[PDB]
Amino acid sequence: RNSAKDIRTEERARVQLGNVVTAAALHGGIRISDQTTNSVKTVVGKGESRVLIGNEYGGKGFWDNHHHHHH
Amino acid sequence: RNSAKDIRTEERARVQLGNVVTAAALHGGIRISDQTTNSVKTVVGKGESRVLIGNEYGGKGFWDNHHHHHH
Amino acid sequence: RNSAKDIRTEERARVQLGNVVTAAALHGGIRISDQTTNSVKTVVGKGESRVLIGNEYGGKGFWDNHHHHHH
Amino acid sequence: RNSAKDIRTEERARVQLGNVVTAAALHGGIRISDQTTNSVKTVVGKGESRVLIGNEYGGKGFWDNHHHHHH
Amino acid sequence: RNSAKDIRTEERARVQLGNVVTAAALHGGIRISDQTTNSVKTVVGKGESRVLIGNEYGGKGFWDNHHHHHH
Ligand SMILES: O=C(O)Cc1cc(-c2ccc(C(=O)O)s2)sc1-c1ccc(-c2sc(-c3ccc(C(=O)O)s3)cc2CC(=O)O)s1
């Protein structure tokens, strides 16, 4: 699960509290198991900062596309 | 599941409580063992900040628009 | 399930409770998934702030997005 | 499992609290569960900074790196 | 376990705290436990800073490693 205490997002910033499911995630079943526990105390973002509190599911790189492409 | 406490939005800020499903998610994989609880205490959004409390199902962009050049 | 406890909307602020079905996601079919509990305690919106209590269904834009500026 | 005390992100900086699950993975060992513990106290990033707190699963080579082995 | 006190990343920098798992995963090992102690005190990086605190396991040979067969 995910848990956050204090998140500050100003100056055209944006924050998302959840998981990201891309249109590539079409393979999965129902299985109840253990899930990693990720939690943050304080996050201060300034200047179009983007806060992602959760896990990301993608195939084309990651959350954003700035560096490290396909080999 | 989400659990928010205090969310403050000022200066033309906008906040949404819930999940976002896109047209690309139409007839796809909505259930892939998404077992997680996203809890948050204080969220600050000043300066046209956007607050998204929930998970998304898009693919054609991670909520916002980001495009750069790697190496 | 979408729910809220206290919402403070002031200074040309607006609040909506329920769900939003954008025309980009077909007509108002209603009842598609809803597999998460979305509840917030206190939401403060001052200064043209927008408070949306519910999930949306769209593909043209993520609720509020019309930017065409590349970085 | 993963815990962060204070994280500062400025100037188009972004931070993700979770893990990176790529589409290169499938129903075969994807349930990494809870193994090692990663706890950071102070994280400061300014001017295009990316904070990744979590593990990565897939054949993307590496989440974000500069290049390969150089001479 | 992996712990870090102070991490500073400025000017196109990134900090990754976690373990990397290649698409091939581990060739067995039903007892996945952490048997390494990595405590980071203070690391400052300005200008193309790559901070990786965790376990290396990919298949390239830079910030990662593998076995591979030579011929
Ligand atoms: O704000 C709370 O009360 C704490 C908190 C808040 C959550 C929820 C938010 C709203 C909910 C609600 O509305 O009820 S519940 S869950 C919960 C905890 C879970 C995990 C914890 C850890 S421990 C820590 C580490 C970070 C660094 C380390 C170091 O320096 O040693 S240890 C971070 C987190 C996260 C954190 O404390 O913010 S606290």
Worksheet item: If you place +1 on the Cβ of every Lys and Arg and -1 on the Cβ of every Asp and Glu, how big does the dipole about the Cα centre of chain E come out, in debye to the nearest 20?
Response: 140
Practice prompt. Arrange the following residues from fewest to most other Cβ atoms within 10 Å of their Cβ: B:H66, D:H71, C:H27.
Written response: D:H71, C:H27, B:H66
Worksheet item: Of C:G54, C:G18, C:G29, which has the largest mean-square fluctuation in a 10 Å C-alpha GNM of chain C?
Response: C:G29
Fill in: Residues A:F62, E:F62 arranged by fewest to most Cβ contacts within 10 Å
E:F62, A:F62
Discussion item. Need one number for chain D: average projected area of the convex hull over its C-alpha atoms, nm².
Written reply: 6.4
Fill in: Percent RCO, i.e. relative contact order, over chain D, from Cα pairs under 8 Å lying at least 6 residues apart
49
Response to the item:
Computed from every Cα-Cα pair in the protein assembly as shown, P(r) in 10 Å bins starting at 0 and rounded to whole percents is 5, 25, 35, 24, 9, 2, 0, 0
Practice prompt. About the Cα centre of the protein assembly as shown, how large is the charge dipole given +1 on each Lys and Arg Cβ and -1 on each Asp and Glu Cβ? Please answer in debye to the nearest 20.
Written response: 640
Worksheet item: Put a point 7 Å out from Cα along the line to Cβ at E:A24; what are the distances to that point in the other copies, in nm, shortest first?
Response: 1.2, 2.1, 3.2, 4.3
Discussion item. Give me the mean projected area, in nm² to one decimal, of the convex hull enclosing the Cα positions of the range D:1-41.
Written reply: 4.1
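All Cβ positions, even for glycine, are placed from backbone atoms using ideal geometry, and neighbour counts span all protein chains on display. Every number in this text was worked out from the coordinates using simple rules, so none of it is lab data.
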